[PDB]
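Shown next, in C-alpha cells, is the structure this report addresses.
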Amino acid sequence: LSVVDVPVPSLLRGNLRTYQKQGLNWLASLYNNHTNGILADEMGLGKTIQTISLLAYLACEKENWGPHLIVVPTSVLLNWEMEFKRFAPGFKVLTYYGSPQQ
Amino acid sequence: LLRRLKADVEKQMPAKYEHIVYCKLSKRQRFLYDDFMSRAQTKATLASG
Amino acid sequence: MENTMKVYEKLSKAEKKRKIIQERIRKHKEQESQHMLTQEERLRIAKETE
Amino acid sequence: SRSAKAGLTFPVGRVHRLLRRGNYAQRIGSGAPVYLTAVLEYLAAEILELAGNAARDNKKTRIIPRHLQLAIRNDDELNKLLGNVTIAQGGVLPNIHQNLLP
Amino acid sequence: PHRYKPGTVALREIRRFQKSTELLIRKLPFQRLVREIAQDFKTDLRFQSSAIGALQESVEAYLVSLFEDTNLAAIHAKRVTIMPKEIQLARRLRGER
Amino acid sequence: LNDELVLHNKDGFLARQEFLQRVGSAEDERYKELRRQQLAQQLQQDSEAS
Amino acid sequence: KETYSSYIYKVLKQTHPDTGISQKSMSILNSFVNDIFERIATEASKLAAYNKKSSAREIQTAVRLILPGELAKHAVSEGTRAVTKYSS
Amino acid sequence: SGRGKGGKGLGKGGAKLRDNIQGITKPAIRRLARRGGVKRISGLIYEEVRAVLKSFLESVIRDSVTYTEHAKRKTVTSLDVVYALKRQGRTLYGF
Ligand SMILES: Nc1ncnc2c1ncn2[C@@H]1O[C@H](COP(=O)(O)OP(=O)(O)O)[C@@H](O)[C@H]1O
Ligand code: BEF
C-alpha cells in the first residue's frame with residue numbers, strides 16, 4: 001500500500017490495538033510526501049490516540065517537536081490535555097482559555 | 001482520505017437497535033397547534049405583515 | 001522648532017543606544033539559551049516532563 | 001502661473017470663483033484677490049509645520065490627528081485663535097494637579 | 001493583599017485615559033439613546049451612522065470640557081470629591097441656559 | 001375534531017396576544033402624547049422666559 | 001468637485017519632505033482652510049459694509065483684527081510681498 | 001370534491017414596542033470622569049450627567065432636524081450636524 005511501517009513510539013503509554021498502527025504509518029507516509037491528510041474514520045475509533053501517536057513518532061524519529069496546534073471544540077478542551085496526560089506524557093501541553101488575565 | 005467503519009472492529013461490539021416511539025397530542029396543545037397552524041397557513045399563503 | 005528638534009535628536013540617540021543595548025541583550029540571551037537538544041538530552045527532558 | 005508669478009502655490013482662481021459665488025460684494029477687490037489666500041497660506045504653513053514637528057516627536061512618520069491636536073493646543077496664540085472648535089479624535093494635554101499627587 | 005490605598009491607582013488610570021483618544025461611549029447604547037430621543041419628532045428619519053458618530057464625538061468633547069472645568073471649580077475649595085454644587089456652578093457661570 | 005377546534009379557535013389563543021399588544025400600543029401612544037405635550041409646554045415656557 | 005489636497009500636500013512637502021499624512025487629517029485641514037476662508041471673507045464683507053460705499057486694504061485690516069497680532073503682522077507682510085511679486 | 005370541507009384554499013391575506021429607553025451606564029461615565037482628571041467622586045454625579053445629555057443632545061437634535069427639513073432633504077447626513085455645532089458655539093472639524 002506504498003506505506004513503510006516502522007515506528008519507534010517511545011515514552012508512549014499503552015499500545016495501538018492493531019487498528020491505529022495502520023493510521024500511524026499512513027500519517028507517516030503522508031508526512032513523507034509533504035501532503036495533507038483526512039482521518040475521517042468512524043466516530044469514537046480513537047482519533048486522539050492516532051494523532052498523539054503520530055506526534056510521538058514525529059518527536060522520536062525526528063528531532064523536531066516544535067510548537068504544534070490542536071484546534072478543538074470547547075467541550076473537549078480539557079479532554080485533549082488529559083488524553084495524552086493518561087497517555088504519552090513526555091510532551092509539554094498548553095491550554096489556552098480563561099479571561100484576559102491568566 | 002482514510003475511513004474505517006465498525007467493520008474493522010466487530011469481535012466485541014454491541015449492536016445498535018433503533019426504535020421509534022409515537023406520542024399522541026394533548027388537548028390544549030392540540031388547540032395551540034391548530035390555532036398556530038391555521039393562522040400560519042392563512043398568513044403565508046397570501047398577504048401578510 | 002529648534003527646541004523640539006533638539007528633543008527629537010536626543011530621542012533618536014536614545015533610540016539608537018537602546019537598539020544596540022537590546023541587540024547585545026539578545027546576543028547574551030542566545031548564548032544563555034538552550035542549544036543542540038540532540039537525542040539523549042531531549043529524551044531526558046521528555047522523561048522528566050513525563 | 002499666477003501663483004507661480006506671485007510666489008504662491010494655493011490655487012488663487014478657485015478662491016476667486018468661491019468669493020464670486022458667495023457674493024459678499026458686487027465687485028470684489030481685484031487688486032489682490034489672492035492676498036486672502038496668501039494669509040491663509042501663511043497660517044496653513046504654520047499649522048503644517050507644527051503638525052509635522054508633533055508627528056516627528058513621537059517617531060510616527062504620518063500626521064496623527066492627535067499630533068495635530070497637541071500641535072495646535074500647545075500654542076497659546078493658536079488656542080486664542082481657534083479655541084471654541086474641537087477636532088475629531090483629538091485629545092487633551094496631560095494635566096495632573098501637583099497638589100493632587102499623594 | 002495587593003490592595004492599594006484609595007486613589008493610588010486613580011492617578012495612573014487618569015494618565016492612561018488622558019493619553020488615550022478612543023471612543024469612551026459604547027456605540028450601541030448611544031444609538032439606542034439617539035433613536036429614543038429622535039423618534040419623538042418624525043418617523044422614517046433614516047439616520048446615517050456618520051451623523052451619530054459626529055454627535056457622539058461632540059457630546060464626549062463637551063462633557064470632558066465640562067468635567068475639567070468642574071474639577072477646577074472643586075479644587076478651588078478644600079475638596080477633592082465632586083458634588084452637585086460644582087456642576088451647577090460651572091453650568092450657571094458660563095450661562096449655557 | 002373539527003367543531004370543538006373551530007369553537008376554541010374562535011375564542012383563540014393568539015386573540016389574547018392581539019388584545020395585549022393593542023393595549024400596549026394604546027398606553028404607549030398615551031405616554032408619547034404626554035411626553036410631546038410636556039415638551040411643548042417646556043419649550044413655550046422657555047421661549048416666554050427669554 | 002475640486003479638492004484642495006494637492007496644495008496642502010505640496011506645502012507640507014516644502015516644509016517637511018519625509019512626513020506623511022493621515023486621511024482624517026486631510027479632512028481636518030480641508031475644513032480648517034474652508035472655515036477660516038469663510039470667516040475672514042465675511043469679515044471682509046462686513047468691513048466693506050463698514051464704509052459708506054459699495055480692494056486689498058479691507059482684507060488686510062480684516063486679517064488685522066481677526067487673529068492674534070503676532071502672526072497678523074507676518075500675515076500682512078507676506079501678503080504684501082506676494083502682491084509685489086505678482087505686480088509685474 | 002365539491003361536497004365536504006377541508007383546507008385547500010390557501011388564504012385571503014390579512015395583517016397576520018416603539019417606546020425605547022435611554023442608554024449610557026455608570027462605568028462609561030466613570031471612564032469619562034477619569035479622562036477629565038478627577039481623583040475621587042461622590043455617588044450623585046451620574047444623574048446630573050444624564051441630565052446634561054438630556055439637555056444637550058435633544059436641543060442640537062431639534063436644530064439639526066429643522067435644518068435638514070429646511071434643506072428639503074428627507075434624510076439626515078453627518079454634514080448637517082456641523083451647522084448645528086457651528087451655531088451652538090462648539091464647532092467640530094473632520095466632517
Ligand atoms: N489504544 C487505546 N488504548 C486505550 N484507550 C483507547 C485507545 N484508543 C482509543 N481509546 C479510547 O477511545 C476513546 C475515544 O475518544 P477520543 O480518542 O478522545 O476521541 P474519539 O472518540 O473522536 O476517538 C477514548 O476515551 C480512549 O480512552
Ligand atoms: F467517536 Be469518534 F471517534 F469521533
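Identifiers for the C-alpha cells are assigned positionally: chains receive A, B, ... in sequence, residues are indexed from 1 per chain, and ligands are indexed from 1 in the order shown.
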
Worksheet entry | Polymer residues at most 8 Å from segment 43-59 of chain G, only C-alpha atoms, same-chain spacing of 5 or more positions, as a ChimeraX atom specification | /D:24-26,28-33,35-36

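Proximity to segment 41-53 of chain H at 9 Å, evaluated using only C-alpha atoms and with sequence-adjacent residues fewer than 6 positions away removed, yields residues 59, 63, 80, 81, 82, 83, 84 and 87 of chain E; 24, 25, 26, 29, 30 and 33 of chain H.
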
Just to be explicit: take each residue in the selection above, keep N, CA, C and O atoms, and write the result as a PDB file, in the first residue's frame.
```pdb
ATOM      1  N   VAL E  59     -20.606  65.236  21.937  1.00  0.00           N
ATOM      2  CA  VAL E  59     -21.068  65.157  23.317  1.00  0.00           C
ATOM      3  C   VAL E  59     -19.929  64.743  24.240  1.00  0.00           C
ATOM      4  O   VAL E  59     -19.812  65.263  25.356  1.00  0.00           O
ATOM      5  N   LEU E  63     -18.578  67.047  27.284  1.00  0.00           N
ATOM      6  CA  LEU E  63     -18.585  66.516  28.641  1.00  0.00           C
ATOM      7  C   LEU E  63     -17.201  66.557  29.275  1.00  0.00           C
ATOM      8  O   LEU E  63     -17.078  66.846  30.468  1.00  0.00           O
ATOM      9  N   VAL E  80     -11.752  67.364  47.269  1.00  0.00           N
ATOM     10  CA  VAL E  80     -11.290  66.520  46.177  1.00  0.00           C
ATOM     11  C   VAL E  80     -12.376  65.565  45.702  1.00  0.00           C
ATOM     12  O   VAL E  80     -12.124  64.719  44.845  1.00  0.00           O
ATOM     13  N   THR E  81     -13.583  65.684  46.247  1.00  0.00           N
ATOM     14  CA  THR E  81     -14.732  64.899  45.825  1.00  0.00           C
ATOM     15  C   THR E  81     -15.769  65.834  45.219  1.00  0.00           C
ATOM     16  O   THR E  81     -16.073  66.890  45.784  1.00  0.00           O
ATOM     17  N   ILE E  82     -16.308  65.445  44.073  1.00  0.00           N
ATOM     18  CA  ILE E  82     -17.185  66.310  43.295  1.00  0.00           C
ATOM     19  C   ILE E  82     -18.622  66.092  43.747  1.00  0.00           C
ATOM     20  O   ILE E  82     -19.059  64.953  43.947  1.00  0.00           O
ATOM     21  N   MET E  83     -19.359  67.181  43.909  1.00  0.00           N
ATOM     22  CA  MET E  83     -20.752  67.168  44.331  1.00  0.00           C
ATOM     23  C   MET E  83     -21.560  68.068  43.411  1.00  0.00           C
ATOM     24  O   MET E  83     -20.995  68.837  42.627  1.00  0.00           O
ATOM     25  N   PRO E  84     -22.908  67.972  43.451  1.00  0.00           N
ATOM     26  CA  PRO E  84     -23.740  68.780  42.542  1.00  0.00           C
ATOM     27  C   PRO E  84     -23.478  70.280  42.563  1.00  0.00           C
ATOM     28  O   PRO E  84     -23.784  70.970  41.583  1.00  0.00           O
ATOM     29  N   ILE E  87     -21.018  71.232  39.786  1.00  0.00           N
ATOM     30  CA  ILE E  87     -21.604  71.072  38.456  1.00  0.00           C
ATOM     31  C   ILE E  87     -22.576  72.209  38.169  1.00  0.00           C
ATOM     32  O   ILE E  87     -22.558  72.811  37.087  1.00  0.00           O
TER      33      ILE E  87
ATOM     34  N   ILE H  24     -26.511  54.742  28.056  1.00  0.00           N
ATOM     35  CA  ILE H  24     -25.403  55.159  28.917  1.00  0.00           C
ATOM     36  C   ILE H  24     -25.345  54.270  30.158  1.00  0.00           C
ATOM     37  O   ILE H  24     -26.272  53.497  30.429  1.00  0.00           O
ATOM     38  N   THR H  25     -24.250  54.349  30.910  1.00  0.00           N
ATOM     39  CA  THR H  25     -24.081  53.495  32.077  1.00  0.00           C
ATOM     40  C   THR H  25     -23.062  54.127  33.015  1.00  0.00           C
ATOM     41  O   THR H  25     -22.330  55.047  32.644  1.00  0.00           O
ATOM     42  N   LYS H  26     -23.036  53.619  34.248  1.00  0.00           N
ATOM     43  CA  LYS H  26     -22.110  54.143  35.251  1.00  0.00           C
ATOM     44  C   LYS H  26     -20.645  53.938  34.882  1.00  0.00           C
ATOM     45  O   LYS H  26     -19.859  54.887  35.047  1.00  0.00           O
ATOM     46  N   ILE H  29     -19.582  56.642  32.349  1.00  0.00           N
ATOM     47  CA  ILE H  29     -19.429  57.948  32.980  1.00  0.00           C
ATOM     48  C   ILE H  29     -18.178  57.981  33.845  1.00  0.00           C
ATOM     49  O   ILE H  29     -17.504  59.012  33.932  1.00  0.00           O
ATOM     50  N   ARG H  30     -17.848  56.864  34.497  1.00  0.00           N
ATOM     51  CA  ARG H  30     -16.632  56.802  35.303  1.00  0.00           C
ATOM     52  C   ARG H  30     -15.386  56.943  34.436  1.00  0.00           C
ATOM     53  O   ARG H  30     -14.440  57.652  34.802  1.00  0.00           O
ATOM     54  N   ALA H  33     -15.127  60.510  33.408  1.00  0.00           N
ATOM     55  CA  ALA H  33     -14.625  61.292  34.532  1.00  0.00           C
ATOM     56  C   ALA H  33     -13.117  61.139  34.674  1.00  0.00           C
ATOM     57  O   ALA H  33     -12.394  62.123  34.860  1.00  0.00           O
TER      58      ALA H  33
END
```

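The interface of chain H with chain E at 7 Å, considering only C-alpha atoms, consists of residues 20, 21, 22, 23, 24, 28, 31, 32, 33, 34, 35, 36, 37, 38, 39, 40, 41, 42, 44, 45, 58, 75, 76, 77, 78 and 81 of chain H.
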
Worksheet item: If you count only C-alpha atoms, which residues fall within 10 Å of residue 60 of chain A, apart from same-chain ones fewer than 2 positions away, as a PyMOL selection string?
Response: (chain A and resi 7-11+54-58+62-65) or (chain C and resi 39+42-43)

Discussion item. Taking only C-alpha atoms and all ligand atoms into account, list the residues no farther than 8 Å from ligand 1, as a ChimeraX atom specification.
Written reply: /A:14-17,20,43-50,79-80,83

With C-alpha atoms retained, export the selected residues as a JSON list (two decimals), in the first residue's frame.
```
[["chain", "number", "residue", "atom", "x", "y", "z"],
["A", 14, "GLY", "CA", -0.28, 1.90, 26.13],
["A", 15, "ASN", "CA", -0.13, 0.49, 22.63],
["A", 16, "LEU", "CA", -2.22, 0.78, 19.47],
["A", 17, "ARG", "CA", -4.73, -2.06, 19.22],
["A", 20, "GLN", "CA", -4.34, 2.62, 14.88],
["A", 43, "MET", "CA", -16.52, 8.43, 15.24],
["A", 44, "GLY", "CA", -15.16, 7.03, 18.50],
["A", 45, "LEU", "CA", -12.38, 4.90, 16.98],
["A", 46, "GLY", "CA", -9.57, 6.70, 18.78],
["A", 47, "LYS", "CA", -8.73, 9.66, 16.54],
["A", 48, "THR", "CA", -6.97, 11.27, 19.51],
["A", 49, "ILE", "CA", -4.66, 8.31, 20.10],
["A", 50, "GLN", "CA", -3.92, 8.20, 16.36],
["A", 79, "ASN", "CA", -10.13, 16.09, 27.37],
["A", 80, "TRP", "CA", -7.31, 16.61, 24.87],
["A", 83, "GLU", "CA", -5.91, 12.47, 26.54]]
```

Discussion item. Could you tell me how far atom CA of residue 66 of chain D sits from atom CA of residue 19 of chain G, in Å to one decimal place?
Written reply: 14.9 Å
